[PDB]
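We begin with a single chain expressed as structure tokens, specifically the form solved without ligand 803.
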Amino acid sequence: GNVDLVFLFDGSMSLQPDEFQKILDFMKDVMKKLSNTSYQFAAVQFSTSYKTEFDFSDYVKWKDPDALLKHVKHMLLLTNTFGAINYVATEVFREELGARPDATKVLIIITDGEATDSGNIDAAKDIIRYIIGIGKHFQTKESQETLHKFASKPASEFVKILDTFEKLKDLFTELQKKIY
């Protein structure tokens, strides 16, 4: 079956330059490793504001992860996760931007801290949502639990807590093995 997968990646000022680059490299590696007719991809950077770095039609045009993320600039502002998820639901998953009506909608949200906004993500309810919380800001159970509201259930499947950015590599096999 077809899968339309969006990477939604944190560009806040909490992220150090090497860490942000490891996130970009992870997205490129996932695209290279999942690449096949079934998958198409989009990517959105979120911080204070939201930017579609490439949409599904851009992916179809270029099919080159290096090219697709070449123009990304680290935003270095806040962490407005609620609005980011809603932005994906309403502004990225659109047929006019290359989204396929028959495809399973998937989000991989990548963040290094707690949200700086609030509200709800009801608009994104029909999207299968993974969230990856990385690093020292998720050392407490309480901080980890804040990510559950963003992800699909069960949290034991959909919420991934990684203690270091080096652990992103350990998610490749898992993501490759998903059958939606």
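Start at 1 and count along the sequence shown; that's the residue number.
A second form of this protein, the form solved in complex with ligand 803, is not displayed here; the remarks below concern that form.
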Task: Steric status of site, ligand 803 superimposed as seen in the deposited complex, threshold 2.4 angstroms to backbone or C-beta - done: blocked
Task: Heavy atom of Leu5 within 4.5 Å of ligand 803 in the deposited complex - done: yes
Open item on the list: Please tell me whether any heavy atom belonging to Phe150 falls inside 4.5 Å of a heavy atom of ligand 803, as the geometry stands in the deposited complex.
Closed with: no
TODO: Answer for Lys160 alone: is it within 4.5 Å of ligand 803 in the deposited complex, judged on heavy atom distances?
DONE: yes
Open item on the list: My question is simply whether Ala89 lines the interface with ligand 803 in the deposited complex - judged by any non-hydrogen atom within 4.5 Å.
Closed with: no
- [ ] Consider the chain as shown here, without its partner, and state which of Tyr59, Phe138, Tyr130, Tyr50 has a heavy atom within 4.5 Å of ligand 803 in the deposited complex.
- [x] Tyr130
TODO: Decide if the three candidate residues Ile108, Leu175 and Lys178 all line ligand 803 in the deposited complex, where lining means a heavy atom within 4.5 Å.
DONE: yes
